Amino acid sequence: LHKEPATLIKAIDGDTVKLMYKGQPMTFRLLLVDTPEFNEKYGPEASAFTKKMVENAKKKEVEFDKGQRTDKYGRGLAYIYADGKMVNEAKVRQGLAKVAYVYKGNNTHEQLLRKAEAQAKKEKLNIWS
Ligand SMILES: Cc1cn([C@H]2C[C@H](OP(=O)(O)O)[C@@H](COP(=O)(O)O)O2)c(=O)[nH]c1=O
């Protein structure tokens with residue numbers, strides 16, 4: 001896989017980010033994660049964590065997987081990095097998202113994210129408390 005730069009337009013919520021990617025605005029859905037909705041327990045925390053990780057970063061990068069690059073809603077599907085740290089992974093590591101929507105073709109980082117979720121769950125952290 002490879003990491004491409006992008007410029008932040010809007011950190012939308014826990015699972016999506018709007019970026020200027022090669023000069024065009026697109027909404028990216030984070031691969032492999034599902035975040036509690038804002039009006040559910042941990043929703044507001046999970047959303048603010050995601051937003052601030054992205055917004056505080058100097059460098060934002062997009063990393064497409066080996067399968068489809070857009071979902072059935074027209075969203076880009078990617079791993080997003082914030083100063084070299086994977087946003088998808090951190091959300092899960094901190095017990096503020098769950099590993100989810102793991103399709104063939106776009107599962108490169110599945111083992112890594114499941115490792116993070118296992119640590120969160122062992123620690124009974126946040127959604128796992
Ligand atoms: C993460 C991800 C979500 N999606 C779609 C599947 C879900 O649609 P369906 O429920 O219609 O299947 C939806 C979940 O996204 P949200 O969690 O943003 O709603 O996003 C994909 O198609 N591929 C993906 O990799």
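All residue numbers in this chain count up from 1 along the given sequence. Just follow the structure's listing: the first ligand is 1, and inside any ligand the first atom is 1.
- Each of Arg29, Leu30, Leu31, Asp34, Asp71, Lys72, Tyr73, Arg75, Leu77, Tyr101 has a non-hydrogen atom positioned under 4.0 Å from some atom of ligand 1.
- Qualifying salt bridge (charged side-chain N to carboxylate O under 4.0 Å, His left out) partners for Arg93, counting only residues two or more places apart in sequence or in other chains: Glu123.
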Quick one: side chains of residues 22-31, donor-acceptor pairs under 3.5 Å with protein atoms, not counting sequence neighbours, listed by atom name and distance.
residue : atom : partner : partner atom : Å
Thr27   : OG1  : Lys18   : NZ           : 2.8
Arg29   : NH1  : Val33   : O            : 2.9
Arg29   : NH2  : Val33   : O            : 3.0

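- Between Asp13 and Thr16, the side chains place a donor N or O and an acceptor N or O closer than 3.5 Å (distance only, hydrogens not considered).
- Pairs engaging residues 63-79 under the salt bridge (charged side-chain N to carboxylate O under 4.0 Å, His left out) rule: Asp71-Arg75 [sequence neighbours left out].
- Under the 3.5 Å distance criterion, with hydrogens and angles disregarded, no donor-acceptor pair is assigned to the side chains of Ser47 and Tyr42.
- Checked by atom type, the side-chain pair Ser129/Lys124 shows no donor-acceptor distance below 3.5 Å.
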